[PDB]
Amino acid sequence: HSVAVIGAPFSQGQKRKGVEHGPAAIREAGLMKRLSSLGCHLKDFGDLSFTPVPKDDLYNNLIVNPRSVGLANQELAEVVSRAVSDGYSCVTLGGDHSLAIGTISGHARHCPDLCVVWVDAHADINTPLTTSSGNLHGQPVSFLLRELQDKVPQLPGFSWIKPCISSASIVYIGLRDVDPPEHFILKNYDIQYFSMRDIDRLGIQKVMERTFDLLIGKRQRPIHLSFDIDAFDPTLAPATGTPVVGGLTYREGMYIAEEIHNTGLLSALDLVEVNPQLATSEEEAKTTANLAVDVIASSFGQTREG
């Protein structure tokens, strides 16, 4: 069993400095030794260096860094595609969540029937026409879903992106901070999600059961786990850019990762939005990074009963 680890130190999907140090923080929290201990054969691609784009002016006087986000994701997609083709499950360390454009596009290149479990406080599904921030880390899903493309204009640097995945092939877990246009999109296209309220009602066990029934109930499919650290309650993951009270507990996050592992289908994992500079203390940064490692390790078989 082989795992590729890719550092994607990208910050231009949003405006807060420091998320580009996420990959180093996660590495320094002991990721590689944790993965080896589970028996993973590891290939470390290091931290990628993304080609900058000169004069990357705002798109439509609103969307920030469109060409840089587009080119960095193009280059990342190529690495992910290559790594999956050589048989690695792909761990990508962010960096802001706009990198999912690249990891999912690269993943889907030769696994077009993949499915997506998006663990996040946010739906990240604004389009360039609905985003009120202009930050591409809050729009990545809009570029990936086939049903949405008549409503998604073409951004400079984005022409290489072919929407691959159907709206029936992504399930959200942990939502609690959704813009009204995103809520409209989720309803209008019948995208399935389990908000914190649904977890409050159902419990995380039934949530995972219904997630896998929706996605792999009829056939086995490679799973793409896109895990935004801010799905966890801010008391557990303070060092992140958009913290929202009322998040997953530690045990709930582990349970999600455990069930991901238990399918046997995990093919790529994003761990994004760890920003150590937003911690008010070194300890706050380290617990956030330590939590990111716990998620990744549990997703590749670390158990709580030994």
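Throughout, we count residues from 1 along the sequence that is shown. Only the largest set of C-alpha atoms that superpose within 1.5 Å between the two forms is called the rigid core.
Here 48 to 56 and 65 to 73 are scored by the root mean square distance of their C-alpha atoms in 9 other deposited structures of this protein, with each structure fitted by the rigid core; the higher score goes to 48 to 56.
Look at the C-alpha B-factors of 180 to 188 and of 156 to 164. On average they run higher in 156 to 164. The mean C-alpha temperature factor is higher for 46 to 54 when 248 to 256 and 46 to 54 are set side by side.
Taking the PDB entry at face value, the top CA B factor among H137, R146, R210, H224 belongs to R146. The maximum CA B-factor among the listed residues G264, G39, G30, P238, taken from the PDB record, is found at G39.
In this PDB entry, the Cα temperature factor of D150 sits in the top third of its chain's modelled residues, the highest group. When the modelled residues of the chain are ordered by their C-alpha B factor, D113 lands in the highest third. Ranked by C-alpha B-factor against the other modelled residues of its chain, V272 falls in the lowest third. Ranked against the other modelled residues of its chain, the C-alpha B-factor of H107 as given in the entry falls in the middle third. Looking at the C-alpha B-factors along this chain, the one for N290 belongs to the lowest third.
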